[PDB]
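Novice: Pasting upload.pdb below, which is PDB, C-alpha atoms.
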```pdb
MODEL        1
ATOM      1  CA  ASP A 422     -18.237  -1.644   2.443  1.00  0.00           C
ATOM      2  CA  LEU A 423     -17.185  -5.107   3.599  1.00  0.00           C
ATOM      3  CA  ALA A 424     -17.980  -6.473   0.138  1.00  0.00           C
ATOM      4  CA  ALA A 425     -15.889  -3.743  -1.500  1.00  0.00           C
ATOM      5  CA  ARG A 426     -13.271  -3.953   1.290  1.00  0.00           C
ATOM      6  CA  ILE A 427     -13.127  -0.222   2.024  1.00  0.00           C
ATOM      7  CA  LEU A 428     -12.860   1.424   5.452  1.00  0.00           C
ATOM      8  CA  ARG A 429     -13.782   5.112   5.570  1.00  0.00           C
ATOM      9  CA  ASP A 430     -14.604   6.610   8.957  1.00  0.00           C
ATOM     10  CA  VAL A 431     -11.184   6.760  10.641  1.00  0.00           C
ATOM     11  CA  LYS A 432     -10.891  10.025  12.576  1.00  0.00           C
ATOM     12  CA  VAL A 433      -8.010  11.733  14.374  1.00  0.00           C
ATOM     13  CA  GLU A 434      -7.583  14.895  16.439  1.00  0.00           C
ATOM     14  CA  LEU A 435      -4.457  16.872  17.310  1.00  0.00           C
ATOM     15  CA  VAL A 436      -3.651  19.975  19.360  1.00  0.00           C
ATOM     16  CA  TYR A 437      -0.947  22.077  17.724  1.00  0.00           C
ATOM     17  CA  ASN A 438       1.508  23.805  20.073  1.00  0.00           C
ATOM     18  CA  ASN A 439       1.394  27.563  19.480  1.00  0.00           C
ATOM     19  CA  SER A 440       4.658  29.419  20.001  1.00  0.00           C
ATOM     20  CA  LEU A 441       4.678  32.686  21.945  1.00  0.00           C
ATOM     21  CA  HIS A 442       4.849  36.004  20.089  1.00  0.00           C
ATOM     22  CA  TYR A 443       3.980  38.817  22.521  1.00  0.00           C
ATOM     23  CA  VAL A 444       4.034  39.364  26.282  1.00  0.00           C
ATOM     24  CA  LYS A 445       2.539  42.001  28.573  1.00  0.00           C
ATOM     25  CA  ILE A 446       3.412  42.438  32.244  1.00  0.00           C
ATOM     26  CA  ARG A 447       1.927  44.395  35.147  1.00  0.00           C
ATOM     27  CA  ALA A 448       4.238  45.342  38.012  1.00  0.00           C
ATOM     28  CA  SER A 449       3.552  47.137  41.276  1.00  0.00           C
ATOM     29  CA  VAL A 450       5.393  48.494  44.307  1.00  0.00           C
ATOM     30  CA  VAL A 451       3.870  48.504  47.795  1.00  0.00           C
ATOM     31  CA  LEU A 452       4.971  49.412  51.311  1.00  0.00           C
ATOM     32  CA  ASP A 453       3.027  46.820  53.328  1.00  0.00           C
ATOM     33  CA  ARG A 454       0.370  44.115  53.226  1.00  0.00           C
ATOM     34  CA  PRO A 455      -2.755  43.796  55.409  1.00  0.00           C
TER      35      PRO A 455
ATOM     36  CA  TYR B   4     -30.129 -43.704  -7.119  1.00  0.00           C
ATOM     37  CA  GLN B   5     -27.100 -41.693  -6.010  1.00  0.00           C
ATOM     38  CA  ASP B   6     -23.555 -41.597  -7.356  1.00  0.00           C
ATOM     39  CA  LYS B   7     -21.557 -40.088  -4.468  1.00  0.00           C
ATOM     40  CA  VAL B   8     -20.880 -41.421  -0.996  1.00  0.00           C
ATOM     41  CA  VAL B   9     -20.532 -37.789   0.136  1.00  0.00           C
ATOM     42  CA  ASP B  10     -21.787 -34.666  -1.619  1.00  0.00           C
ATOM     43  CA  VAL B  11     -21.253 -31.054  -0.579  1.00  0.00           C
ATOM     44  CA  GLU B  12     -22.854 -27.866  -1.870  1.00  0.00           C
ATOM     45  CA  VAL B  13     -21.124 -24.511  -1.467  1.00  0.00           C
ATOM     46  CA  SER B  14     -22.773 -21.146  -2.149  1.00  0.00           C
ATOM     47  CA  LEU B  15     -21.148 -17.709  -1.976  1.00  0.00           C
ATOM     48  CA  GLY B  16     -23.194 -14.775  -0.715  1.00  0.00           C
ATOM     49  CA  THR B  17     -20.409 -12.220  -1.183  1.00  0.00           C
ATOM     50  CA  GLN B  18     -21.396 -10.770  -4.564  1.00  0.00           C
ATOM     51  CA  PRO B  19     -20.362  -7.090  -4.805  1.00  0.00           C
ATOM     52  CA  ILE B  20     -22.801  -4.542  -6.207  1.00  0.00           C
ATOM     53  CA  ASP B  21     -22.345  -1.340  -8.181  1.00  0.00           C
ATOM     54  CA  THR B  22     -22.837   1.901  -6.250  1.00  0.00           C
ATOM     55  CA  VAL B  23     -23.166   5.606  -7.031  1.00  0.00           C
ATOM     56  CA  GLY B  24     -20.677   8.210  -5.829  1.00  0.00           C
ATOM     57  CA  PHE B  25     -21.461  11.845  -4.995  1.00  0.00           C
ATOM     58  CA  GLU B  26     -17.964  13.301  -5.504  1.00  0.00           C
ATOM     59  CA  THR B  27     -16.767  13.664  -9.074  1.00  0.00           C
ATOM     60  CA  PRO B  28     -17.798  16.891 -10.852  1.00  0.00           C
ATOM     61  CA  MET B  29     -17.982  17.671 -14.553  1.00  0.00           C
ATOM     62  CA  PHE B  30     -17.049  20.737 -16.588  1.00  0.00           C
ATOM     63  CA  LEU B  31     -18.412  20.948 -20.141  1.00  0.00           C
ATOM     64  CA  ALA B  32     -15.787  22.874 -22.101  1.00  0.00           C
ATOM     65  CA  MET B  33     -15.214  23.685 -25.780  1.00  0.00           C
ATOM     66  CA  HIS B  34     -12.199  22.159 -27.517  1.00  0.00           C
ATOM     67  CA  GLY B  35     -10.963  19.442 -29.846  1.00  0.00           C
ATOM     68  CA  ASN B  36      -7.993  18.006 -27.942  1.00  0.00           C
ATOM     69  CA  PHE B  37      -9.259  14.420 -27.592  1.00  0.00           C
ATOM     70  CA  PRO B  38     -11.815  12.457 -29.636  1.00  0.00           C
ATOM     71  CA  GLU B  39     -13.902  10.857 -26.887  1.00  0.00           C
ATOM     72  CA  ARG B  40     -16.543  12.776 -24.954  1.00  0.00           C
ATOM     73  CA  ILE B  41     -15.186  12.542 -21.383  1.00  0.00           C
ATOM     74  CA  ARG B  42     -11.740  12.400 -19.792  1.00  0.00           C
ATOM     75  CA  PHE B  43     -10.877  12.067 -16.103  1.00  0.00           C
ATOM     76  CA  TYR B  44      -7.890  13.846 -14.559  1.00  0.00           C
ATOM     77  CA  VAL B  45      -6.243  13.688 -11.135  1.00  0.00           C
ATOM     78  CA  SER B  46      -4.110  16.837 -11.467  1.00  0.00           C
ATOM     79  CA  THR B  47      -3.519  19.801 -13.744  1.00  0.00           C
ATOM     80  CA  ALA B  48      -0.201  18.286 -14.832  1.00  0.00           C
ATOM     81  CA  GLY B  49      -2.195  15.588 -16.603  1.00  0.00           C
ATOM     82  CA  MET B  50      -4.328  18.160 -18.404  1.00  0.00           C
ATOM     83  CA  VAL B  51      -1.284  20.099 -19.597  1.00  0.00           C
ATOM     84  CA  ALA B  52      -0.019  16.862 -21.154  1.00  0.00           C
ATOM     85  CA  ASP B  53      -3.102  16.525 -23.367  1.00  0.00           C
TER      86      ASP B  53
ENDMDL
END
```
Could I get this structure in the form of structure tokens?

Specialist:
Amino acid sequence: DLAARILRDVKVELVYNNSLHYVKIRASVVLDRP
Amino acid sequence: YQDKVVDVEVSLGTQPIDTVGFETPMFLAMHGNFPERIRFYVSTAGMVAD
């Protein structure tokens, strides 16, 4: 590879940022707390 | 006898060498578009030209 002057093994990694599509919520009503 | 006050030898050990490559495929089709036996293409737009 040095003789032919060619570099091959470059590597990269990325983490794409997913947008939000759906949401689910749980609510509750209480009178007191221990 | 010698004819040079200083003499220098230089030798290059950087000779490149042919290598095989495991990438390029072949498809053996039937046609008469070009006279030679093999043609290389980098895109379909090149093939449509021929």

Novice: With the file shown as input, list the residues that the ChimeraX specification (/A :<10) & /B selects, as an mmCIF file with C-alpha atoms, in the coordinates of the input.

Specialist:
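Saved file selection-v9.cif follows:
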```cif
data_model
loop_
_atom_site.group_PDB
_atom_site.id
_atom_site.type_symbol
_atom_site.label_atom_id
_atom_site.label_comp_id
_atom_site.auth_asym_id
_atom_site.auth_seq_id
_atom_site.Cartn_x
_atom_site.Cartn_y
_atom_site.Cartn_z
ATOM 1 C CA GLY B 16 -23.194 -14.775 -0.715
ATOM 2 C CA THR B 17 -20.409 -12.220 -1.183
ATOM 3 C CA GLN B 18 -21.396 -10.770 -4.564
ATOM 4 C CA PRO B 19 -20.362 -7.090 -4.805
ATOM 5 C CA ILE B 20 -22.801 -4.542 -6.207
ATOM 6 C CA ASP B 21 -22.345 -1.340 -8.181
#
```

Novice: In terms of the shortest atom-to-atom distance over only C-alpha atoms, which of B:4, B:13, B:24, B:36 is closest to residue 51 of chain B?

Specialist: B:36

Novice: Could you work out how far atom CA of residue 26 of chain B lies from atom CA of residue 40 of chain B, giving the answer in Å with one decimal?

Specialist: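 Straight-line distance from atom CA of residue 40 of chain B to atom CA of residue 26 of chain B works out to 19.5 Å.
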
Novice: Atom CA of residue 431 of chain A and atom CA of residue 22 of chain B are how many Å apart?

Specialist: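 Computing the Euclidean distance for atom CA of residue 431 of chain A and atom CA of residue 22 of chain B yields 21.1 Å.
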
Novice: Between atom CA of residue 32 of chain B and atom CA of residue 49 of chain B, what is the distance, to one decimal in Å?

Specialist: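 Between atom CA of residue 32 of chain B and atom CA of residue 49 of chain B the gap works out to 16.4 Å.
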
Novice: Translate the PyMOL selection byres ((chain B and resi 30) around 12) into a concrete residue list for this structure, as a list in words.

Specialist: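 Expected selection for the PyMOL selection byres ((chain B and resi 30) around 12) here is residues 27, 28, 29, 31, 32, 33, 40, 41, 42, 43 and 44 of chain B.
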
Novice: For segment 435-454 of chain A, supply N, CA, C and O atoms and report the output as a PDB file, keeping the file's coordinate frame.

Specialist:
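Now in rebuild-v4.pdb:
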```pdb
ATOM      1  N   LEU A 435      -5.756  16.432  16.817  1.00  0.00           N
ATOM      2  CA  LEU A 435      -4.457  16.872  17.310  1.00  0.00           C
ATOM      3  C   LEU A 435      -4.590  18.277  17.873  1.00  0.00           C
ATOM      4  O   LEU A 435      -5.499  19.016  17.486  1.00  0.00           O
ATOM      5  N   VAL A 436      -3.690  18.636  18.784  1.00  0.00           N
ATOM      6  CA  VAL A 436      -3.651  19.975  19.360  1.00  0.00           C
ATOM      7  C   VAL A 436      -2.273  20.555  19.059  1.00  0.00           C
ATOM      8  O   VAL A 436      -1.282  20.197  19.695  1.00  0.00           O
ATOM      9  N   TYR A 437      -2.213  21.462  18.091  1.00  0.00           N
ATOM     10  CA  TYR A 437      -0.947  22.077  17.724  1.00  0.00           C
ATOM     11  C   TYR A 437      -0.445  22.955  18.862  1.00  0.00           C
ATOM     12  O   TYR A 437      -1.232  23.519  19.625  1.00  0.00           O
ATOM     13  N   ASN A 438       0.878  23.064  18.979  1.00  0.00           N
ATOM     14  CA  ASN A 438       1.508  23.805  20.073  1.00  0.00           C
ATOM     15  C   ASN A 438       1.918  25.178  19.558  1.00  0.00           C
ATOM     16  O   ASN A 438       2.904  25.329  18.837  1.00  0.00           O
ATOM     17  N   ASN A 439       1.159  26.198  19.946  1.00  0.00           N
ATOM     18  CA  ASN A 439       1.394  27.563  19.480  1.00  0.00           C
ATOM     19  C   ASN A 439       2.609  28.142  20.189  1.00  0.00           C
ATOM     20  O   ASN A 439       2.708  28.099  21.416  1.00  0.00           O
ATOM     21  N   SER A 440       3.541  28.692  19.416  1.00  0.00           N
ATOM     22  CA  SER A 440       4.658  29.419  20.001  1.00  0.00           C
ATOM     23  C   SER A 440       4.186  30.778  20.504  1.00  0.00           C
ATOM     24  O   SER A 440       3.086  31.233  20.188  1.00  0.00           O
ATOM     25  N   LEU A 441       5.032  31.428  21.298  1.00  0.00           N
ATOM     26  CA  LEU A 441       4.678  32.686  21.945  1.00  0.00           C
ATOM     27  C   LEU A 441       5.257  33.850  21.150  1.00  0.00           C
ATOM     28  O   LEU A 441       6.438  33.832  20.788  1.00  0.00           O
ATOM     29  N   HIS A 442       4.429  34.859  20.886  1.00  0.00           N
ATOM     30  CA  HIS A 442       4.849  36.004  20.089  1.00  0.00           C
ATOM     31  C   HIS A 442       4.957  37.289  20.897  1.00  0.00           C
ATOM     32  O   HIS A 442       5.911  38.049  20.703  1.00  0.00           O
ATOM     33  N   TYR A 443       4.009  37.556  21.795  1.00  0.00           N
ATOM     34  CA  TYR A 443       3.980  38.817  22.521  1.00  0.00           C
ATOM     35  C   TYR A 443       3.714  38.552  23.995  1.00  0.00           C
ATOM     36  O   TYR A 443       3.089  37.555  24.363  1.00  0.00           O
ATOM     37  N   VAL A 444       4.196  39.464  24.838  1.00  0.00           N
ATOM     38  CA  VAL A 444       4.034  39.364  26.282  1.00  0.00           C
ATOM     39  C   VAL A 444       3.720  40.745  26.841  1.00  0.00           C
ATOM     40  O   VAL A 444       4.241  41.760  26.369  1.00  0.00           O
ATOM     41  N   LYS A 445       2.854  40.778  27.852  1.00  0.00           N
ATOM     42  CA  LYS A 445       2.539  42.001  28.573  1.00  0.00           C
ATOM     43  C   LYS A 445       2.569  41.715  30.066  1.00  0.00           C
ATOM     44  O   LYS A 445       2.062  40.688  30.524  1.00  0.00           O
ATOM     45  N   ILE A 446       3.161  42.638  30.822  1.00  0.00           N
ATOM     46  CA  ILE A 446       3.412  42.438  32.244  1.00  0.00           C
ATOM     47  C   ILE A 446       2.897  43.639  33.024  1.00  0.00           C
ATOM     48  O   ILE A 446       2.980  44.782  32.568  1.00  0.00           O
ATOM     49  N   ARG A 447       2.355  43.365  34.208  1.00  0.00           N
ATOM     50  CA  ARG A 447       1.927  44.395  35.147  1.00  0.00           C
ATOM     51  C   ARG A 447       2.736  44.253  36.426  1.00  0.00           C
ATOM     52  O   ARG A 447       2.696  43.203  37.073  1.00  0.00           O
ATOM     53  N   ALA A 448       3.460  45.306  36.786  1.00  0.00           N
ATOM     54  CA  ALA A 448       4.238  45.342  38.012  1.00  0.00           C
ATOM     55  C   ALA A 448       3.614  46.325  38.995  1.00  0.00           C
ATOM     56  O   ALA A 448       2.754  47.135  38.644  1.00  0.00           O
ATOM     57  N   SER A 449       4.058  46.245  40.245  1.00  0.00           N
ATOM     58  CA  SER A 449       3.552  47.137  41.276  1.00  0.00           C
ATOM     59  C   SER A 449       4.544  47.173  42.426  1.00  0.00           C
ATOM     60  O   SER A 449       5.293  46.221  42.655  1.00  0.00           O
ATOM     61  N   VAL A 450       4.534  48.289  43.149  1.00  0.00           N
ATOM     62  CA  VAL A 450       5.393  48.494  44.307  1.00  0.00           C
ATOM     63  C   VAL A 450       4.518  48.921  45.474  1.00  0.00           C
ATOM     64  O   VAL A 450       3.706  49.842  45.346  1.00  0.00           O
ATOM     65  N   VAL A 451       4.684  48.250  46.615  1.00  0.00           N
ATOM     66  CA  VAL A 451       3.870  48.504  47.795  1.00  0.00           C
ATOM     67  C   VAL A 451       4.778  48.618  49.010  1.00  0.00           C
ATOM     68  O   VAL A 451       5.927  48.173  49.001  1.00  0.00           O
ATOM     69  N   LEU A 452       4.241  49.223  50.067  1.00  0.00           N
ATOM     70  CA  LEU A 452       4.971  49.412  51.311  1.00  0.00           C
ATOM     71  C   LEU A 452       4.628  48.378  52.373  1.00  0.00           C
ATOM     72  O   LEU A 452       5.448  48.136  53.263  1.00  0.00           O
ATOM     73  N   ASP A 453       3.453  47.761  52.302  1.00  0.00           N
ATOM     74  CA  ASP A 453       3.027  46.820  53.328  1.00  0.00           C
ATOM     75  C   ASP A 453       1.911  45.952  52.766  1.00  0.00           C
ATOM     76  O   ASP A 453       1.479  46.120  51.623  1.00  0.00           O
ATOM     77  N   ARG A 454       1.447  45.019  53.592  1.00  0.00           N
ATOM     78  CA  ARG A 454       0.370  44.115  53.226  1.00  0.00           C
ATOM     79  C   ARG A 454      -0.528  43.923  54.435  1.00  0.00           C
ATOM     80  O   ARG A 454      -0.026  43.666  55.535  1.00  0.00           O
TER      81      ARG A 454
END
```
